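Single chain ahead, by itself, as structure tokens, in the form deposited in one PDB entry.
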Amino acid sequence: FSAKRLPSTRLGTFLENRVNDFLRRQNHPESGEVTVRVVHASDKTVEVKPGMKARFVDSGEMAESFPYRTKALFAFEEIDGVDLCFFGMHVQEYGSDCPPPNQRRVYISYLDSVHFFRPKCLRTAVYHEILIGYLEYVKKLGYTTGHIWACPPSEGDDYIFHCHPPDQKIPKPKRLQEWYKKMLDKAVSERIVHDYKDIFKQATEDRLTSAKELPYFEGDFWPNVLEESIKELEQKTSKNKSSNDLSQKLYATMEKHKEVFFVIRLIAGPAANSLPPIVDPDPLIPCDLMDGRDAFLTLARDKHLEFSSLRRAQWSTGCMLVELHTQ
């Protein structure tokens, strides 16, 4: 059992080709072949939570729920003949049939890494090649907008890979924001990304007048903010004298936090307005192991897998791949 022998997808074939084209051109002798596999793809729904449901769904103004496809994908490098899993990502894709405001949008739920890619000097670059390649791929299918919440894990916590190396440091926010800006400046110079904005500038330019026009994703910041804001508003009373107030709060919260939310325009102008439907050429992949991040954090803990050194992470990659061909 090895990474290569995991079934192929167009998405995974495209990403590993862009990465290995990049490495071959670097011609660094420390580097090894990279494999990229989608290991989970399934159809999910995000439910408008009770606050927004009472205000927008009940009045016919907004959809009760938004269908998306979730996918997990992993990248692997040959080190000393052996496969090492060094990068992981979970994405939410909302297609052409999805109602507004979610239509034709991709959202990255979680990404993660184990810092052992060889060599060090190309690590950042290869991570960028994977994310830019992902944005290239969904742009070609007809997705118009990408969405990133720039949010590092808390101290000691693990988004995808169980027990990271003690010396793999969590980036602080400003560094992580600068890292996404570098990846996006490159995607702009390659004419994949048209441009990008902080959520607050995006909303101001789209002239967002209402909370129902804001894209609504599973586990994202903004739906929780809207539930807390609607609850604050409904506590208020006023004696005699002698909605828009939700928009005013959403704007204030978008200004306080603008630096952490990226809106990435993949397709701009009239080109975006007469697109054909989105057909994902890749099939569903059921795989309870990679259905969200939790099951893989649980198996790792239970089988004492760790990604805390090259040897343990090489060991855990092998055990990961066994369990993936099994179920």
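Throughout, we count residues from 1 along the sequence that is shown.
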| item | value |
| --- | --- |
| Gap size between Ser243 and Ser242, counted in deposited residues that the entry leaves unmodelled | 10 or more |
| Comparing 229-237 with 172-180, the one whose average Cα B-factor in the PDB entry is higher | 229-237 |
| Between 68-76 and 81-89 (mean CA B-factor, as deposited), the higher | 81-89 |
| Top residue by Cα temperature factor, when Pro153, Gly146, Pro100, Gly133 are compared in the entry | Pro100 |
| CA B-factor ranking of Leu23, expressed as a third of its chain | middle |
| Assigned third (lowest, middle, highest) for the C-alpha B factor of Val48 | lowest |
| Lowest, middle or highest third - CA B-factor, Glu205 | highest |
| Chain-relative CA temperature factor third for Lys120 | highest |
| Ranked C-alpha temperature factor of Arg265 among modelled chain residues, by third | lowest |
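As for the form solved in complex with a small molecule, it is not shown, yet the points below apply to it.
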{"item": "Site test, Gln92, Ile108 and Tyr159 vs the small molecule in the deposited bound form, non-hydrogen atom cutoff 4.5 Å", "value": "yes"}
{"item": "Heavy atom within 4.5 Å of the small molecule in the deposited bound form - the one residue of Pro99, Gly219, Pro119, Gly142 that qualifies", "value": "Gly219"}
{"item": "Single option in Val82, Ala252, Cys151, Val188 placed near the small molecule in the deposited bound form, where near means a heavy atom within 4.5 Å", "value": "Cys151"}
